[PDB]
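In what follows, a structure is listed as C-alpha cells, so that the remarks can point back to it.
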6 protein chains.
Amino acid sequence: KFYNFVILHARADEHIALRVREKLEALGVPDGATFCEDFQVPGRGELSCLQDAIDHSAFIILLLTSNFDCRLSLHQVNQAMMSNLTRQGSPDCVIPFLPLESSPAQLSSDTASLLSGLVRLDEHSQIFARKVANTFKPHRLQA
Amino acid sequence: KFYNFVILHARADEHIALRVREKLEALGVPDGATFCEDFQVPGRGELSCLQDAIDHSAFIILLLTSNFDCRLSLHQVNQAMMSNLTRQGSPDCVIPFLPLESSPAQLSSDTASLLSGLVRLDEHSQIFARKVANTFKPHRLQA
Amino acid sequence: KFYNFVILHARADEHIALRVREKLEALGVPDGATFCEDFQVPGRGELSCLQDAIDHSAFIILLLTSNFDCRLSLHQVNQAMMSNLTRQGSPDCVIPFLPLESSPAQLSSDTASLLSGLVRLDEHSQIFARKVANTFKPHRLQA
Amino acid sequence: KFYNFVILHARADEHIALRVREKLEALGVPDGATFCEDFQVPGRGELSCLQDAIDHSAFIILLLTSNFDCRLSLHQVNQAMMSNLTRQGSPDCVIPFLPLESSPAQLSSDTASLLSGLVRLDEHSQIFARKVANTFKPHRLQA
Amino acid sequence: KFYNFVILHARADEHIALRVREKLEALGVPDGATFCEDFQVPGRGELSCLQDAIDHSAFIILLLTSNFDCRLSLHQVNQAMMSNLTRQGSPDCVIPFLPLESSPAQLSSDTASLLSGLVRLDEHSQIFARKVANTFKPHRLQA
Amino acid sequence: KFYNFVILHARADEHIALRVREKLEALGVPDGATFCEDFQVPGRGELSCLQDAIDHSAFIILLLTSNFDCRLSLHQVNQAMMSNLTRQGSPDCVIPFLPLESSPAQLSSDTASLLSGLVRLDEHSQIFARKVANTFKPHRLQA
C-alpha cells in the first residue's frame, strides 16, 4: 500500500498508462503504480477503487487525452482536485501529464480547462527528466 | 411515471424523506416523489425499486444522513452516480442533501467522500430557496 | 374462481390468515381469499390444493411467522417462488407479509432467507395503506 | 465445504461454467467450484441449493451470459447481492464475470443494470491474469 | 338408491357414525346415508355390502377412530381408496373424517398412514361449516 | 430390509424401472431396489404396500414418464412427498428422475407440477455421474 504515484486514465487508454508507468519507473521513481493496479474488480465500482487510488498515492498523475473528455473523466478530475485541496498538506499532488502520443492541440476544452492554470508536466519538452527529478524529490509524503 | 425528483435514503430514516419531500413541494416543485413512491412491494428487493427510482426520475437526491453509512447505502450511491454518468444529458442529476436532522460533522467519510465535489444542498444554508429555484428550472429533461 | 390474492400460511395460524384477509379486503381489495378458502377437504393434501392456490390467484402472499419454519412451509415457499418465476408474465406475485403478531427480528432463518432479496409488505410500517394501494392497482392479471 | 468461489450460471450454460472454473483454477486459485456442484438433486429447487451456494462460498461469481436475462436469473442476482450486502463481513465478495462467449454489448438492461455501477472482471482484457491474482489474495474469509 | 354420501365405520361404532350423519344432513346436504343404511343381514357378507356402498355413493366418508385399526378396517379403506382411484371420473371422493370422540394424537399408524397424504376434515376445526359447504356443492357427479 | 433406494413407477413401465435400478447400482450405489421388490398382488393391498415401500427406503426416486399421469400416480406422488415432509429427519429424499425414454417436454403437467419446485436429475445431463455421487453419499439415513 501507499504507492508513490498513480496514473488516472480512461478505460480505453490502457497501453498509454502502462507505457507511462514503465517510463516513470525507468527514470528512477520506485514503486510505480497505475489506476488499473488497485482497480479491484471484485465489486469496487468507483467508490473504493477511486478513493484507494486517491488516498493511497503520494502523487496523483492525471493523464490527459482526447479520450479523457468523457463525463466520468471530468468527475474523476473534480474528485481528485477537491480531495487534494481539502486534504491537509499535499501542496501539488495532482500533476497533469501530457503523454508522448498526445499533443497540446487535443486538450479537452471541458475537462482540461480545470487544469489550465496549474503546473503541468509534458513529455514533448526536452527538460522532462529534470522536471521528473524536481517533482519526485527524495522527501515526500508519509502515512 | 417519469417523476420530477426522487429522494434516496436509508431504511430507518423514513420520516425525514417525507419531511424533505413536503418541504421541497412547498417551494414550488410539483410531483414530489420519494423512494417509497416507487418502492413496489413484491418481486423487487433492489432490482427496479432501486432502478425505477434512477430510471424514472429527472433529479436524484441523496440524503446524507447519519444512517446513510450502511453498506447497502454505498452501493446505492455507486449505482446512482454511475447510472448518471453513463446516461446522456443532465450532468447534475445526482444531488447531495443535508437535512437539519443531520450535521456537516455527521458526514461519514466512506459515503460522503463519494460526493465531495458535487451540487450540495444544505438546509442550514440561508440561501436554500434560491438554490432550489436555480436547480429546478422550468425545463426538465425529456421522456 | 381466479381469486385476487391468497394467503399461504402454516396450519396452526389460521386465525392470523383470516385476520389479514379481512384487513386487506377492508383497505379496498375485493374478492379476498385465503389458503383455507381453496384448501379442499377431499383428498387434495398438497397435490392440487396448493396448485389450485397458486394457479388460480393473481397474487400470492406468504404469511411469515414463527410457525412458518417447518420443512413443509419451506417446500411451500420454494414451490410458490419457482412457479411464479417460471410462469409467463406476472413479474411480481410473491408478496412476503409480516403480521403484527410476529416481529421483524423473528424471521425464521431457514425460510425467510429465501425472501431476503424481496421487499416485504410490513404491517408495522406507518406507510402500510399506501403500500397496499400501490401493490393492488386496478390493472392486474387475467385468465 | 466452504468452497473458495462458486460460479452462478443459467440452466443452459453448464459447459461455460465448467470451462471458466477450469481456467480460473489454472491461474492458481485452489479448490474451485461451480453452481452445479452444490446443486444437490434431492429437493432443494432454489431454497437450500442457491442459499447453500451463497452461504458456503467465499467469492460469488456471477456469469453474465446471454441466457442470464431470465427472471430466475434476475432473482438470483438480487438474492446474491442482497445477501452479500446485508451480512456482516465479506466486504466486496460478489464479482461480475464476462466470459469469451459473451460480448461487451451483451449487457441486457434487466439483469446487467443491477451490476452496471458495479465493477466487472473481464477476461477479454490483456491484464486478466494479474487482475485475478489481485482478486484472490492469499488472505481471505474465515469460516 | 344413489345416496349423496356414505359413512364407513368400524362394526363397534354405529352410534358415532349415526351421530355424524345426523349432524351433517342439517347443514344442507340431503339424502344422507350410512353403512348400516345399506347393510343386509342375510345373504351379503363383506365384499358385496362394501362394494354396494362404494358404487352407489357420490361421496365416501371414512370415519377415523380408535376402533378403526382392525385388519378389516384396513381392507375397507384400501378397497374404497383403490375403487375411487381406478374408476374413471369422480375426481376426488374419499373424505377422511375426524370426529370429536377421537383425537389427532389417536391416529393409528396403520390405517391413518394410508390417508396421511390426503387432507381430511376435523370436527375440532372452527371453519367446519365452510369446509363442508366447499366439499358438497350443488353441482356434483352422477352415474 | 431397509433398502437404500426405491423407485416408484407406473405399472405399465416395469422395464424402465428395472433398467434404471441396474444402471444406478452400476454407478456405485449398493443394494438397489425397485417398487416390485416389496409389491405383491397377494396379501398386501396397493396402498398398504406403497406405504410399506415409502418408509422402508432411505431414498425415494419417482420415475416421471408419459404413463405417470394417472390419478393413482398423482396420489402416489402426493403420499410420498407428504410422508417425506412430515416425518422427522430425512431432510430431502424424494428425487425426481428423468430417464432416457422421456423428454423434458413430455413431463406429466398435472403430476410433475408437484415436483416443479424440487430439483430433478436428468440422464440427459453430462454431469450425471457427479450428480449421483453428490446424491448418494456414504453417510445417509439410519433405522
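How things are named: the first chain in the C-alpha cells is A, the next is B, and so on; residues count from 1 in each chain; ligands count from 1 in the order shown.
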
Interface, chain D side, toward chain C (10 Å; only C-alpha atoms) as a list in words: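 So the contacting residues turn out to be residues 43, 44, 45, 46, 47, 48, 50, 51, 70, 71, 72, 73, 74, 75, 76, 77, 78, 79, 80, 81, 82, 83 and 86 of chain D.
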
Could the residues in this selection be written to a file with N, CA and C atoms, as a PDB file, in the first residue's frame?
ATOM      1  N   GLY D  43     -34.769 -32.631  -3.750  1.00  0.00           N
ATOM      2  CA  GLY D  43     -35.350 -31.368  -3.355  1.00  0.00           C
ATOM      3  C   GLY D  43     -34.428 -30.211  -3.703  1.00  0.00           C
ATOM      4  N   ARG D  44     -34.477 -29.173  -2.869  1.00  0.00           N
ATOM      5  CA  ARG D  44     -33.583 -28.023  -2.976  1.00  0.00           C
ATOM      6  C   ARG D  44     -33.674 -27.372  -4.358  1.00  0.00           C
ATOM      7  N   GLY D  45     -34.886 -26.962  -4.721  1.00  0.00           N
ATOM      8  CA  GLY D  45     -35.097 -26.327  -6.008  1.00  0.00           C
ATOM      9  C   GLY D  45     -34.334 -25.029  -6.157  1.00  0.00           C
ATOM     10  N   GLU D  46     -34.640 -24.075  -5.288  1.00  0.00           N
ATOM     11  CA  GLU D  46     -33.818 -22.888  -5.121  1.00  0.00           C
ATOM     12  C   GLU D  46     -33.698 -22.498  -3.659  1.00  0.00           C
ATOM     13  N   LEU D  47     -34.216 -23.316  -2.743  1.00  0.00           N
ATOM     14  CA  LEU D  47     -34.226 -22.973  -1.328  1.00  0.00           C
ATOM     15  C   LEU D  47     -32.873 -23.238  -0.683  1.00  0.00           C
ATOM     16  N   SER D  48     -32.462 -24.500  -0.641  1.00  0.00           N
ATOM     17  CA  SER D  48     -31.224 -24.883   0.015  1.00  0.00           C
ATOM     18  C   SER D  48     -30.119 -25.237  -0.967  1.00  0.00           C
ATOM     19  N   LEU D  50     -29.327 -22.704  -3.929  1.00  0.00           N
ATOM     20  CA  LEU D  50     -28.800 -21.363  -4.157  1.00  0.00           C
ATOM     21  C   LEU D  50     -28.328 -20.730  -2.855  1.00  0.00           C
ATOM     22  N   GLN D  51     -29.094 -20.903  -1.777  1.00  0.00           N
ATOM     23  CA  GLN D  51     -28.678 -20.366  -0.486  1.00  0.00           C
ATOM     24  C   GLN D  51     -27.423 -21.064   0.017  1.00  0.00           C
ATOM     25  N   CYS D  70     -33.048 -14.204 -17.879  1.00  0.00           N
ATOM     26  CA  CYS D  70     -34.320 -14.726 -17.409  1.00  0.00           C
ATOM     27  C   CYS D  70     -34.696 -14.111 -16.065  1.00  0.00           C
ATOM     28  N   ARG D  71     -35.987 -14.212 -15.735  1.00  0.00           N
ATOM     29  CA  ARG D  71     -36.468 -13.694 -14.459  1.00  0.00           C
ATOM     30  C   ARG D  71     -35.838 -14.441 -13.291  1.00  0.00           C
ATOM     31  N   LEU D  72     -35.645 -15.753 -13.439  1.00  0.00           N
ATOM     32  CA  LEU D  72     -34.964 -16.524 -12.406  1.00  0.00           C
ATOM     33  C   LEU D  72     -33.550 -16.009 -12.187  1.00  0.00           C
ATOM     34  N   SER D  73     -32.848 -15.680 -13.272  1.00  0.00           N
ATOM     35  CA  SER D  73     -31.500 -15.140 -13.149  1.00  0.00           C
ATOM     36  C   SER D  73     -31.504 -13.791 -12.440  1.00  0.00           C
ATOM     37  N   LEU D  74     -32.476 -12.938 -12.760  1.00  0.00           N
ATOM     38  CA  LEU D  74     -32.572 -11.644 -12.092  1.00  0.00           C
ATOM     39  C   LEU D  74     -32.827 -11.819 -10.601  1.00  0.00           C
ATOM     40  N   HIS D  75     -33.706 -12.758 -10.240  1.00  0.00           N
ATOM     41  CA  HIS D  75     -33.938 -13.036  -8.827  1.00  0.00           C
ATOM     42  C   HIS D  75     -32.677 -13.561  -8.155  1.00  0.00           C
ATOM     43  N   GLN D  76     -31.916 -14.407  -8.853  1.00  0.00           N
ATOM     44  CA  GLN D  76     -30.669 -14.915  -8.288  1.00  0.00           C
ATOM     45  C   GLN D  76     -29.674 -13.788  -8.044  1.00  0.00           C
ATOM     46  N   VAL D  77     -29.565 -12.856  -8.992  1.00  0.00           N
ATOM     47  CA  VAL D  77     -28.661 -11.723  -8.818  1.00  0.00           C
ATOM     48  C   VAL D  77     -29.088 -10.878  -7.628  1.00  0.00           C
ATOM     49  N   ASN D  78     -30.389 -10.601  -7.514  1.00  0.00           N
ATOM     50  CA  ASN D  78     -30.878  -9.837  -6.370  1.00  0.00           C
ATOM     51  C   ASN D  78     -30.562 -10.549  -5.066  1.00  0.00           C
ATOM     52  N   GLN D  79     -30.804 -11.859  -5.019  1.00  0.00           N
ATOM     53  CA  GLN D  79     -30.558 -12.621  -3.802  1.00  0.00           C
ATOM     54  C   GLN D  79     -29.085 -12.580  -3.420  1.00  0.00           C
ATOM     55  N   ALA D  80     -28.199 -12.805  -4.390  1.00  0.00           N
ATOM     56  CA  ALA D  80     -26.768 -12.798  -4.104  1.00  0.00           C
ATOM     57  C   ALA D  80     -26.312 -11.431  -3.616  1.00  0.00           C
ATOM     58  N   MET D  81     -26.706 -10.372  -4.329  1.00  0.00           N
ATOM     59  CA  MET D  81     -26.271  -9.031  -3.960  1.00  0.00           C
ATOM     60  C   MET D  81     -26.784  -8.647  -2.579  1.00  0.00           C
ATOM     61  N   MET D  82     -28.064  -8.910  -2.306  1.00  0.00           N
ATOM     62  CA  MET D  82     -28.634  -8.513  -1.024  1.00  0.00           C
ATOM     63  C   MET D  82     -28.062  -9.340   0.118  1.00  0.00           C
ATOM     64  N   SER D  83     -27.833 -10.636  -0.106  1.00  0.00           N
ATOM     65  CA  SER D  83     -27.223 -11.459   0.931  1.00  0.00           C
ATOM     66  C   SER D  83     -25.809 -10.992   1.238  1.00  0.00           C
ATOM     67  N   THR D  86     -26.171  -7.399   3.126  1.00  0.00           N
ATOM     68  CA  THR D  86     -26.759  -7.390   4.462  1.00  0.00           C
ATOM     69  C   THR D  86     -25.831  -8.026   5.492  1.00  0.00           C
TER      70      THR D  86
END

Residue 20 of chain E environment, 12 Å, only C-alpha atoms, sequence neighbours closer than 4 positions dropped, as a list in words: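 Here the qualifying residues turn out to be residues 5, 6, 7, 8, 9, 13, 14, 15, 16, 24, 25, 26, 27, 32, 33, 34, 61, 62, 63, 64, 97, 98, 99, 100, 101, 122 and 123 of chain E.
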
In segment 29-138 of chain A, DSSP strand (DSSP E or B) residues written as number ranges by chain: A: 32, 57-63, 94-98, 121-122

DSSP alpha helix (DSSP H) selection over chain F, as a VMD selection string: chain F and resid 14 to 27 46 to 55 71 to 86 109 to 112 128 to 135

Exercise: residue 143 of chain C partners within 12 Å, only C-alpha atoms, chain neighbours under 5 positions left out, as a list in words: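 Listed by chain and then number, they are residues 1, 2, 3, 4, 55, 56, 57, 58, 89 and 90 of chain C.
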
Between atom CA of residue 65 of chain C and atom CA of residue 41 of chain C - distance in Å to one decimal: 24.3 Å

Nearby residues (only C-alpha atoms) at most 10 Å from residue 11 of chain A, same-chain spacing under 4 positions excluded, as a PDB file with N, CA and C atoms, in the first residue's frame:
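Result saved to part04.pdb:
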ATOM      1  N   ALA A  17      -1.241   4.212 -20.323  1.00  0.00           N
ATOM      2  CA  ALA A  17      -0.960   4.197 -18.891  1.00  0.00           C
ATOM      3  C   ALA A  17       0.184   3.246 -18.562  1.00  0.00           C
ATOM      4  N   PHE A  35      -3.786   3.198 -12.217  1.00  0.00           N
ATOM      5  CA  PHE A  35      -5.169   3.085 -11.766  1.00  0.00           C
ATOM      6  C   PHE A  35      -5.660   1.647 -11.848  1.00  0.00           C
ATOM      7  N   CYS A  36      -5.300   0.937 -12.916  1.00  0.00           N
ATOM      8  CA  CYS A  36      -5.703  -0.451 -13.103  1.00  0.00           C
ATOM      9  C   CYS A  36      -4.863  -1.429 -12.290  1.00  0.00           C
ATOM     10  N   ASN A  67      -9.416  11.116 -25.434  1.00  0.00           N
ATOM     11  CA  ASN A  67     -10.465  10.260 -24.893  1.00  0.00           C
ATOM     12  C   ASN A  67     -10.771  10.591 -23.438  1.00  0.00           C
ATOM     13  N   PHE A  68     -10.097  11.596 -22.883  1.00  0.00           N
ATOM     14  CA  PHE A  68     -10.265  11.995 -21.492  1.00  0.00           C
ATOM     15  C   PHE A  68     -11.418  12.984 -21.357  1.00  0.00           C
ATOM     16  N   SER A  73     -14.623  10.967 -16.699  1.00  0.00           N
ATOM     17  CA  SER A  73     -13.280  11.508 -16.528  1.00  0.00           C
ATOM     18  C   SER A  73     -13.314  12.889 -15.886  1.00  0.00           C
TER      19      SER A  73
END

Residue contacts of residue 121 of chain C (9 Å, only C-alpha atoms) excluding same-chain residues fewer than 4 positions away, as a list in words: residues 41 and 42 of chain B; 95, 96, 97, 98, 125, 128, 131 and 132 of chain C

Keeping only N, CA, C and O atoms, write the selected residues to a file as a CSV table (one decimal), in the first residue's frame.
chain,number,residue,atom,x,y,z
B,41,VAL,N,-43.8,-3.3,-3.6
B,41,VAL,CA,-43.7,-4.4,-2.6
B,41,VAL,C,-43.2,-5.7,-3.1
B,41,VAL,O,-42.1,-6.2,-2.7
B,42,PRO,N,-43.9,-6.3,-4.1
B,42,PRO,CA,-43.5,-7.7,-4.5
B,42,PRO,C,-42.4,-7.7,-5.5
B,42,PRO,O,-42.1,-6.7,-6.2
C,95,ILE,N,-45.6,-12.0,-2.5
C,95,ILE,CA,-45.5,-10.9,-1.6
C,95,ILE,C,-45.2,-11.4,-0.2
C,95,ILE,O,-46.1,-11.9,0.5
C,96,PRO,N,-44.0,-11.3,0.3
C,96,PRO,CA,-43.8,-11.6,1.8
C,96,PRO,C,-44.6,-10.7,2.6
C,96,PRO,O,-44.8,-9.5,2.3
C,97,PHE,N,-45.1,-11.2,3.7
C,97,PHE,CA,-46.0,-10.5,4.6
C,97,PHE,C,-45.5,-10.7,6.1
C,97,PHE,O,-45.2,-11.8,6.5
C,98,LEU,N,-45.5,-9.6,6.8
C,98,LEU,CA,-45.1,-9.7,8.2
C,98,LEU,C,-46.4,-9.2,9.0
C,98,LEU,O,-46.7,-8.0,9.0
C,125,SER,N,-45.2,-1.0,9.4
C,125,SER,CA,-44.8,0.2,8.8
C,125,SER,C,-46.0,1.2,8.8
C,125,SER,O,-47.2,0.8,8.7
C,128,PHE,N,-48.3,1.6,5.5
C,128,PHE,CA,-48.9,0.3,5.1
C,128,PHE,C,-50.0,0.5,4.1
C,128,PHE,O,-50.1,-0.2,3.1
C,131,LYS,N,-48.6,1.4,0.7
C,131,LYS,CA,-48.0,0.2,0.1
C,131,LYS,C,-49.1,-0.7,-0.5
C,131,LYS,O,-49.0,-1.3,-1.6
C,132,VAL,N,-50.2,-1.0,0.3
C,132,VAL,CA,-51.2,-1.8,-0.1
C,132,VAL,C,-51.9,-1.3,-1.4
C,132,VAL,O,-52.2,-2.0,-2.4

Counting only C-alpha atoms, the residue of C:66, C:140, C:108, C:127 that sits nearest residue 12 of chain C: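 Looking at the shortest contact to residue 12 of chain C, the residue is C:66.
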